[PDB]
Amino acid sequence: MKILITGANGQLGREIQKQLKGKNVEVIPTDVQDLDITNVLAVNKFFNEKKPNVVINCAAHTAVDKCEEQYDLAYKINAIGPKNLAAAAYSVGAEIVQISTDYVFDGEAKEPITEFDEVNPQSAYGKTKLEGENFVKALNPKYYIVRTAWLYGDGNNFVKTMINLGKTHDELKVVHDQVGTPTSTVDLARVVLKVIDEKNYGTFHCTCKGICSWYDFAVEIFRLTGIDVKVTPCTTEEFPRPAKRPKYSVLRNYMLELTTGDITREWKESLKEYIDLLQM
């Protein structure tokens, strides 16, 4: 089995490579310098020559505020990229996994969101990622769309940010009026490889179990590291940004629950495992 990973140097790309080490698979990791997924001719040629069995697309323009000003570039990476990969995959009979986002929803939900709830993106990042999902489904029947959120792993992320700020500050203000679930790439990668394995095609939410605010997330980070910093809960209005962020983006892993099982862990368990890895 030949697996192409795009955006392979990112957080999730790295964790998938790691979980696939020693398995009976040939992994082809690419990032932008090896394969620019926005270029249709390049993508078609690559797939026709390499003939992967699966493509996992971890490439994205994830700077959320920058997407508002770089709408064209967001569409190219977040939407056209997936379109190109899905079709090129189809031409060689390959499956596609497309990683997506909780920003497809408007944030006005009051309870955990399922895969059957209606999308309504209020941001360029959300809109462009959604159009990426729509292309993937339209162009390749052998699709998996895996939506995630608040993702941390081998790369820049909120955990590393908090740690670095916390070491240089005596107090921090962190939003308490935005809720979701911190997710480790370890859990997301396990799920990605699980549905591939089962051929459990479709759209899946995949965040860790539980719920909290960014404030709660920060407090647990500092509890776990021992860093002495006073965190103060604040509101979204106090520190405004170019992109609209959802008040409530808790995803229910419903499709996993209804099929072969929600194997993700409680968010604090995954986070402890990650902090341990870092302090090593």
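Residues carry their position along the shown sequence, with the first being 1.
With 225 to 233 and 207 to 215 compared on mean CA B-factor from the PDB entry, the stretch scoring higher is 225 to 233. Stretch comparison (173 to 181 versus 76 to 84) by mean CA B-factor in the PDB entry places 173 to 181 on top. Between the residues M255, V64, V55, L251, the entry's highest C-alpha temperature factor is the one at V64. The PDB entry gives the largest Cα B-factor of the residues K167, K127, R147, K142 to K167. Ranked by C-alpha B-factor against the other modelled residues of its chain, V25 falls in the highest third. Sort the chain's modelled residues by C-alpha temperature factor and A243 lands in the highest third, per the entry.
Looking at the C-alpha B-factors along this chain, the one for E111 belongs to the highest third.
Sort the modelled residues of the chain by CA B factor and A89 lands in the lowest third. When the modelled residues of the chain are ordered by C-alpha B-factor, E133 sits in the lowest third.
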